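Residue numbers (the numbering used here): 813 to 950. Single-structure report; data block below.
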Ligand SMILES: COc1cc(Br)ccc1CC(=O)O
Ligand SMILES: [Zn+2]
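Have a look at this one:
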C-alpha cells in the first residue's frame, strides 16, 4: 500500500483505490494503474519534473529503501495478477529489484521529488507507474 499527497490530491494504485478514492475521483487511467482522488487537507510531497532514471524506492516487503536504475516510462506487458488481465501498462518504468503483492504504493523518488509508485513486480523486476507527466497535480 501507500499513496502520494501533493496539493489537494491523493494518488494511488487504481487496483488499491478505496470506495472513498472513487467517491472523490479526480482522474483514473486503468492502463497506467493510477487513480487520483480529491482531499480536504493539502499535501507536502513535491512531484519530480525531470528525466531522471536513478532514484530510491521503498520496498515494504524488506522495510528497505533500494536505489535503482529504471526504464523510461513505456508501454510494457504485465501478465496475470489477481487485480488485472493480460494487458500492456503505459507510463511504466521497470528496474531490477524486489516487488511482491503488497509493495504497490511504495514511492520511487529522485532528487527532484516523487517519480512514481510501485505498480508491478515479479521476475526480479519492479514496475513503477510514472506521475512526472501529470503537471496538473501542481
Ligand atoms: C507489486 O505488486 C504485485 C506484484 C506481483 Br508479483 C503481483 C501482483 C502485484 C500487485 C499487488 O498485489 O498490488
Ligand atoms: Zn529527478
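Even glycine gets a Cβ: it sits at the ideal position worked out from N, Cα and C.
If contact is defined by three or more beta carbon pairs under 8 Å, each pair taking one atom from either stretch, is the stretch 911-924 in contact with the stretch 858-876? yes
Within 8 Å of any Cβ in chain C, is that where the Cβ of residue 877 sits? Judged by its chain identifiers, the structure shown contains no chain C, having just a single protein chain.
Report all residues from its chain with a CB closer than 8 Å to the CB of residue 879; omit the five preceding and five following residues, and keep chain order. If you number the chain shown from 1, residue 879 lands on position 67. Counting only Cβ-Cβ distances below 8 Å, and skipping sequence neighbours, we find 866, 867, 868.
Is residue 827 helix, strand or coil when you go by DSSP? Taking the chain shown and counting its residues from 1, one reaches residue 827 at position 15. Helix at residue 827.
Spatial neighbours of residue 889 within its chain, please: C-beta separation below 6 Å, excluding the five flanking residues on both sides. Translated into positions along the chain shown, residue 889 becomes position 77. Contacts found: 900.
DSSP three-state call for residue 832: helix, strand or coil? Locating residue 832 in the chain shown gives position 20, counting from the first residue. Correct three-state label for residue 832: helix.
Taking only heavy atoms of ligand 1 into account, decide whether any of them is closer than 7 Å to the Cβ of residue 825. Residue mapping note: residue 825 aligns to position 13 of the chain shown, counting from 1. Yes, the beta carbon of residue 825 sits closer than 7 Å to at least one heavy atom of ligand 1.
Could you pull out every residue in the same chain whose Cβ sits closer than 6 Å to the Cβ of residue 883, ignoring the five residues on either side in sequence? For the purposes of this step, residue 883 is identified with residue 71 of the chain shown, where counting begins at 1. If we look at residue 883 and ignore the five residues flanking it on each side, its Cβ neighbours are 905, 906.
Please confirm if the stretch 850-861 is in contact with the stretch 906-918, defined as three or more CB-CB distances below 8 Å between the two stretches. no
Ligand 1 and residue 880: does the residue's C-beta get closer than 7 Å to at least one heavy atom of that ligand? Mapped onto the chain shown, residue 880 falls at position 68. No.
Nearest to residue 826 (by Cα), restricted to the options 842, 911, 913: Locating residue 826 in the chain shown gives position 14, counting from the first residue. When only C-alpha atoms are compared, the closest one is 842.
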